[PDB]
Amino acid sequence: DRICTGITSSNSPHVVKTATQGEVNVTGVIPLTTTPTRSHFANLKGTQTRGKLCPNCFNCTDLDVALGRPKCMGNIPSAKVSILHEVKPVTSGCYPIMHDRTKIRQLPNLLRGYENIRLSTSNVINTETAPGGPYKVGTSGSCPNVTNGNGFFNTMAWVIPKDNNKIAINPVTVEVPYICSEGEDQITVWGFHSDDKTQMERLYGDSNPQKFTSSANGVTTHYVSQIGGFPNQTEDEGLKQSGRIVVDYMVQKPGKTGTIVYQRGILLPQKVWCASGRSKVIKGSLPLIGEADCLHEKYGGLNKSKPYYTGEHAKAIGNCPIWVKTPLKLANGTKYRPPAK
């Protein structure tokens, strides 16, 4: 008798590419990829995930908190991972801002990039010694405080010239000191109020357009105020007002000072943000539902099964599958053979 070595013959619907034999059918494959399905976003497994900056500040938007809107102060937990759920953050209270005239909207998205975020407990500028004659600090019914008295943004001081100071001024300069702790970035919020011709003189003793200039880390920004004829109040407390404020922020790196050159209507910086560390940030939506191995900008929360995945590549953090162009398969069988006669 003749005994030989032989190889099986079976149904071979699966195909893999080889270096030296091209594509070949095989009896079995191990799929190395899946195409994920879109899901709700979630908490990243093994890491506290930040959504709203201040989760317990109810009826407060992230921008509200960043500006220091009254009633919107609260615990802001540190986080190594943060969700960007507002590409263009909006306010929901206080005095009417003309947001789009500065970069101010992105301020809370800037903050969330840090692991640790706290508001300073002392003021960065003393309103009782600030250049431009003597001041009193102004408030508004648009910004009701913790005891529901008329207040203002805790990051700023709406300074008003005293009755012996209702006069136009040349641009005066205040130096903004660095008051944060070791390693922290300081994010200084400031701006200027403007109104119609009549209110300008009542408030400031000048109805000409005012000019403002900030300078920090080589960056100068210049603004000129507008007198009356404003766009409509939006994203505010809803109480009608004839004036508008312009708000801006100024980033001060460790040990770096900034300057603000201002005239009438200045919103002097008071409380400032002190931030450190880095939070890993991706686009997502709220609320966060449950846990996941991986947060993916396109698929939301997803758990890891196969080592790779096919579909829409995008930013993703956590224990994630690696994106590939094609659904790769590892051969688990033999190259096809016709049945032997």
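For every residue, the number given is its place in the sequence shown, counted from 1.
(request) Averaging the C-alpha B factors as listed in the entry, name the stretch that ends up higher: 99-107 or 125-133. (result) Going by the record's values, the stretch with the higher mean is 125-133.
(request) Compare the mean C-alpha B-factor of 42-50 with that of 310-318 as given in the PDB entry, and name the stretch with the higher value. (result) Stretch with the greater average CA B-factor: 42-50.
(message) Among the choices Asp185, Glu86, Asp236, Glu175, identify the one whose CA B-factor in the record is greatest.
(response) Spelled out: the listed residue with the top C-alpha B-factor is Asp236.
(message) Quiz for you: based on the deposited Cα B-factor, which of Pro209, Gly191, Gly255, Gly74 is highest?
(response) That would be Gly74, according to the entry.
(message) Sorting by Cα B-factor within the chain, modelled residues only, which third would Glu291 end up in: lowest, middle or highest?
(response) Top third by C-alpha B-factor.
(message) Can you tell me whether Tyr204 has a C-alpha B-factor in the lowest, middle or highest third compared with the other modelled residues of the same chain?
(response) Within its chain, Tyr204 is a middle-third residue by C-alpha B-factor, going by the deposited values.
(request) Please place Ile30 in the lowest, middle or highest third of its chain by C-alpha B factor as given in the entry. (result) Tercile = middle for this residue's CA B-factor.
(request) Check where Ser9 lands among this chain's C-alpha B-factors and tell me if it's the lowest, middle or highest third. (result) Answer is highest: the recorded C-alpha B-factor places it there.
(request) Grab the CA temperature factor for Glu297 from the record and place it in the lowest, middle or highest third of its chain. (result) CA B-factor rank for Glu297: lowest third.
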